[PDB]
Amino acid sequence: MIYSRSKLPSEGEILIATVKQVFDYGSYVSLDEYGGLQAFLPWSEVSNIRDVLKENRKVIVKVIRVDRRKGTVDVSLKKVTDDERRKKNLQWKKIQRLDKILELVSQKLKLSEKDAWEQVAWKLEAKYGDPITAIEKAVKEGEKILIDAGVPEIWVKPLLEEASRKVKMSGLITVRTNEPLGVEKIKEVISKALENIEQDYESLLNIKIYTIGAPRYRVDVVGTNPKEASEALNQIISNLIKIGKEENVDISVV
Amino acid sequence: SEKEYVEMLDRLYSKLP
Amino acid sequence: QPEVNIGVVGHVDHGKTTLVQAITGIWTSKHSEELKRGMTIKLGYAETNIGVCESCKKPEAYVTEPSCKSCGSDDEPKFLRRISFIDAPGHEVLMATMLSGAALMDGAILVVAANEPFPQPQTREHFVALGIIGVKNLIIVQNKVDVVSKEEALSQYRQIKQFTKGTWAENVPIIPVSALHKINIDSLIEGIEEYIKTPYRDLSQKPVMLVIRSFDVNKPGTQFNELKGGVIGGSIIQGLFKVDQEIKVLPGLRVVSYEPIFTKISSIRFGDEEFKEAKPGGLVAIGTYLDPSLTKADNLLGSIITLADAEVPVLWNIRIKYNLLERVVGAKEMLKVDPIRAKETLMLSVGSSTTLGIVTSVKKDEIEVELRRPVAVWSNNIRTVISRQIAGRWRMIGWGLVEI
RNA sequence: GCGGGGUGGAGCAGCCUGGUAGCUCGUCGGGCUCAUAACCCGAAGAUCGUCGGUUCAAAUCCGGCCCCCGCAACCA
Ligand SMILES: Nc1nc2c(ncn2[C@@H]2O[C@H](COP(=O)(O)OP(=O)(O)NP(=O)(O)O)[C@@H](O)[C@H]2O)c(=O)[nH]1
Ligand code: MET
Ligand SMILES: [Mg+2]
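Read top to bottom, the protein sequences are chains A, B and C.
In terms of the UniProt record's numbering, the first sequence is residues 1 to 47, 53 to 169, 175 to 264.
If you're matching positions, the second sequence starts at 3 in the UniProt record's numbering and goes up one per residue.
In terms of the UniProt record's numbering, the third sequence is residues 7 to 261, 267 to 415.
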């Protein structure tokens, strides 16, 4: 449900709708941004036709005709520039993060998605912005970004909390040694150079060190934020060297 | 000493397919 | 743990490894994929249990699993010993390893092929190597009789019974087999249960052992938390090792000099089963605590392990007393051995090791040799084997005794 | 243990960053040429290893399970 603060879409407008009913001489669609406002789309505006004239695939179109009178609307998918077709295609993934949010907060709060869209999304319209971003600043910054615009402080928290992932990086090292109890010292320098790292270059997901040659090894930092990669990794590889180099065990990046 | 052996040769041959 | 070390010498593709497979079951893998299209390339390894049917008739009475109900009847055959083999290769060029290998043997079995011209190059090369080093407990075996005329295998037995004459080989019996259909193997077990007796070894002696493999157990990917130690494969000859002893490897890693490596016996294993100690006859494997880099592919090949704080010479230059063959039994051609000229490069095979060296002194039977890689000379009794690059490929030409 | 690929019959793009499965051949039909699949035109034909999840929507993103090829190595 994406309730609209208008009755009819402005003519010539572009939006995401969904194919409802395939009939012979066109089909009925439903403008998802206008409370599923059913409208009419004729072949003279289409063009393998079975996968976009599908039962439920959510197409994008431009509003050919709005007859404010009877309250009917006609749209076309020809008349959609492909320069419009992308921009208003990202706007989609945004406007549906939102949908989900209110679609669960309202429910949670046991109210209405109409009162979730009236209240949350229409006043966060005021504060210049795609509301999902006035919440991306909110969840990061604070709930005072929510209260500023006067968003009825009932959703506020249920919003934020109903609002809030891997990358892999690796390296070939070389660890030689001749110590009488070498293996051991390997285990050591690795478990001293892989220390307190979970908090240094902080929260990542998992780190794995293994032998893929006999002196050549691989370290493996996997994480949530790409540019946290070698940050962690390099540090580790450094402290290899150092502690390796401070505990008679030679180590060296390939 | 062949007897022991000649024997052995016998006994294997009699085990063929 | 296995009592004794039996070697399976012989020419190429006569089936040495195959006979080992009919006796133990084990294959030598044939590995490195290369061996899988080629043939045995590292010394193969395998063990087995020999029990006997008391309660019935021999040779068949010679069993392999605690089970007599195979012949006569049930009474669980009595266990005599557990033995081990060393499958060499057969190829004219793997000579340098087979030599090496002999150093661990306590006896052997010469696999001749029943369907190819008796004294074939390597068959001889080996045989004389055997009579040279000292492996006097020999059993010749006529293999591929499952593909011959009942006349052919007897006439070969003749040429054999005639070669085995002037030579040291009195009644070295000859047991024809079929390594392919595992036929007659039990009389082979009876031969090897008679003639290849299990030598006594004073334990009290200095703990001393030869190395011929070594591996990085660690699987591609095991984490550092459980990187299992470096692992040294080889055979003991005198003394006995125990879990948790302090040990060294000679000559050890090099710099150009050569220093000993110390570590603690992390673990002891024979076959797949772990033991707390280890004694001669067999091959062992020793779990260590040293960086497996140090013994990946088979690095410390030709190295030896002894008691830490023990007295053994790491020579660069050595005094050999020596003798020659009159012929080069190992080329298809028997060309007569040229006497040693000084400043000549010769392969000196000492113990398991295989080293190269140059001749500084040429007397009647005492030459002095300068070596690339040091030899740790553990005894005064150090047997050695001497070779020359005759026609591109190296060839066994004579022997002697290390001297200190 | 990581990979690398998996897509009409074939050879493969497409997968990053999700919105009617593309090529080239082959087939088939017809065309054009004096005769040529030489060209012109058309059809057919891949629910894009497998099983599942996310998604309004997936060949594409996500993970278990397979099938070859590179890495490694007989792993006491
Ligand atoms: N018919 C027959 N074929 C045999 C017999 N023994 C071995 N073979 C065949 O000979 C081939 C050689 O086997 P293999 O054991 O590798 O020979 P090898 O002598 O061990 N090779 P290497 O000399 O390098 O150790 C095998 O393919 C096997 O099928 C036998 O008794 N009869
Ligand atoms: C390894 O299994 C060992 N203990 C036996 C000899 S090494 C092949
Ligand atoms: Mg073989």
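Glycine included, C-beta positions come from ideal geometry on N, C-alpha and C.
Minimum Cβ-Cβ distance from residue i to chain B less than 8 Å
i: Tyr269(C); result: no
i: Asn177(C); result: yes
i: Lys75(C); result: no
i: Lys156(C); result: yes
i: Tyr68(C); result: no
i: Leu25(C); result: no
Neighbour flag for residue i against chain A, beta carbons, 8 Å
i: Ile272(C); result: yes
i: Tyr300(C); result: yes
i: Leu311(C); result: no
i: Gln229(C); result: yes
i: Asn328(C); result: no
i: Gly50(C); result: no
i: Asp222(C); result: yes
i: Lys248(C); result: no
i: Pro303(C); result: yes
Spatial distance of residue i from residue j (CA atoms)
i: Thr70(C); j: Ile92(C); result: 18 Å
i: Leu164(A); j: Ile137(A); result: 10 Å
i: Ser6(A); j: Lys105(A); result: 21 Å
i: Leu233(C); j: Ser38(C); result: 23 Å
i: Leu41(C); j: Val26(C); result: 16 Å
i: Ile202(C); j: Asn143(C); result: 6 Å
i: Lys252(A); j: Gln244(C); result: 44 Å
i: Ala387(C); j: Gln162(C); result: 43 Å
i: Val413(C); j: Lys307(C); result: 30 Å
i: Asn224(C); j: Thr221(A); result: 8 Å
i: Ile378(C); j: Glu158(C); result: 47 Å
i: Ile47(C); j: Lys36(C); result: 7 Å
i: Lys275(C); j: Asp250(C); result: 6 Å
i: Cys59(C); j: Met111(C); result: 27 Å
i: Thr30(C); j: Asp80(C); result: 22 Å
i: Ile351(C); j: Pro65(C); result: 49 Å
i: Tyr7(B); j: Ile191(C); result: 14 Å
i: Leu346(C); j: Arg406(C); result: 12 Å
i: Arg74(A); j: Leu41(A); result: 18 Å
i: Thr173(C); j: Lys22(C); result: 23 Å
i: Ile54(A); j: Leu82(A); result: 13 Å
i: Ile2(A); j: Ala121(A); result: 10 Å
i: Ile246(A); j: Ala139(A); result: 38 Å
Residue i at chain C interface by Cβ criterion, 8 Å
i: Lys17(B); result: yes
i: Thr138(A); result: no
i: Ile222(A); result: yes
i: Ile219(A); result: yes
i: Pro157(A); result: no
Beta-bridge partners of residue i, as assigned by DSSP
i: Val214(C); result: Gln244(C) and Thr317(C)
i: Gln38(A); result: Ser30(A)
i: residue 171(A); result: As shown, the structure holds no coordinates for residue 171(A); chain A passes over it, running from 169 to 175.
i: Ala203(A); result: According to DSSP, which records beta bridges pairwise, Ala203(A) is partnered with nothing at all.
i: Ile253(C); result: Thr274(C) and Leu318(C)
Point to revise | the stretch 195-208 of chain A / the stretch 142-162 of chain A touching (three or more Cβ pairs under 8 Å) | key: no
Review point. Using a Cβ cut-off of 9 Å, which residues of the stretch 181-199 of chain A contact any Cβ in chain C, in chain order?
Key: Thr184, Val185, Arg186, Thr187, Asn188, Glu189, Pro190, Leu191, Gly192, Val193, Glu194, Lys195, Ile196 and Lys197
Check your understanding: Is the stretch 234-244 of chain C in contact with the stretch 151-171 of chain C, if contact means three or more CB pairs nearer than 8 Å?
Key -> no
Point to revise | the stretch 45-61 of chain C / the stretch 180-189 of chain C touching (three or more Cβ pairs under 8 Å) | key: no
Check your understanding: At a cut of 8 Å, does the stretch 21-33 of chain A reach the stretch 53-68 of chain A through at least three beta carbon pairs?
Key -> yes
**Study point:** Residues, ordered as in the chain, of the stretch 374-385 of chain C that lie near chain A by beta-carbon distance below 8 Å
**Key:** none
Review point. Name the residues in the stretch 181-212 of chain C whose C-beta lies less than 8 Å from a C-beta of chain B; which are they?
Key: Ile181, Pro182, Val183, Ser184, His187, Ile189, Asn190 and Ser193
**Study point:** the stretch 294-309 of chain C / the stretch 206-224 of chain C touching (three or more Cβ pairs under 8 Å)
**Key:** yes
Exercise for review: Decide if the stretch 385-404 of chain C is in contact with the stretch 322-334 of chain C; the criterion is three or more beta carbon pairs, one per stretch, under 8 Å apart.
Suggested key: yes
Exercise for review: Flag this pair as touching only if the stretch 278-292 of chain C and the stretch 333-349 of chain C have three or more C-beta atom pairs under 8 Å; answer yes or no.
Suggested key: no
Review point. Within the chosen definition, does the stretch 94-104 of chain C reach the stretch 9-17 of chain B through at least 3 CB pairs nearer than 8 Å?
Key: no
Review point. Does the pairing of the stretch 9-26 of chain C with the stretch 240-257 of chain A give three or more beta-carbon distances under 8 Å?
Key: no
Review point. Looking at C-beta atoms only, is the number of pairs between the stretch 214-222 of chain A and the stretch 230-238 of chain A that lie closer than 8 Å three or more?
Key: yes
**Study point:** Contact residues within the stretch 134-158 of chain C, judged by C-beta distance below 9 Å to chain B
**Key:** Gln148, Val151, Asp152 and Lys156
**Study point:** the stretch 109-124 of chain C in contact with the stretch 188-208 of chain C per 3-pair CB rule at 8 Å
**Key:** yes
Practice item. Could you run through the stretch 103-129 of chain C and flag, in chain order, every residue whose CB is less than 9 Å away from some CB of chain B? Key: none
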